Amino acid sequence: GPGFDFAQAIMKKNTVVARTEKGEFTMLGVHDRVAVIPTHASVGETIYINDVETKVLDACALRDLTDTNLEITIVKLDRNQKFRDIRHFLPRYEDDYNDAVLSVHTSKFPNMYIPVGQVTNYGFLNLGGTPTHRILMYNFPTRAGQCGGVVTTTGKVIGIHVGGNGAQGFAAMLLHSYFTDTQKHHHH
């Protein structure tokens, strides 16, 4: 069966509602004050988190070595609460998955769970005109309002929802090495 209990534990402790100039997105907090949001949310230097204006201390829009959009933006937030560290539930490698759940936490849908079935490592996607890599696909008719929704199986947080064509939905992958405590590098 789908891992609804795991999905709910992730939603309860690790999601907030984020709101940018582009609208509301489910937001997964990963560790400390670090979270993710789809790049097309257009994060600026402030963002609303559960309707509280919040400084964005850092925002890194991920791209691969072909200089192609991965659609994941990692943000560091000026907030008091730390997120539960869920890096150990992130997969190490690209993979296909069985019986996944997509979970949403927005003003409109404060906690909703959608079994999306099998998830395949899809690869290239033309996402609203932007070439994008490392995409996961599920055969489910996902909708506007679900961007940032968290995709899980039991024990794994595998991606966040970023797109759909009316019949299929698409998530950007989350990989463990995106969040490892790292180096010294001018990035802006």
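In this text, residue numbers run from 1 along the sequence as written.
As the entry records it, the average C-alpha temperature factor is higher for 46 to 54, out of 46 to 54 and 156 to 164.
Mean CA B-factor, 107 to 115 versus 68 to 76: the higher value falls on 107 to 115. Which of 147, 36, 62, 125 has the largest Cα B-factor in the deposited entry comes down to 125. In the deposited entry, the Cα temperature factor of residue 26 sits in the bottom third of values across the chain's modelled residues.
When the modelled residues of the chain are ordered by their C-alpha B factor, residue 15 lands in the lowest third. Placement of the Cα temperature factor of residue 82 within the chain: highest third of the modelled residues, per the deposited record.
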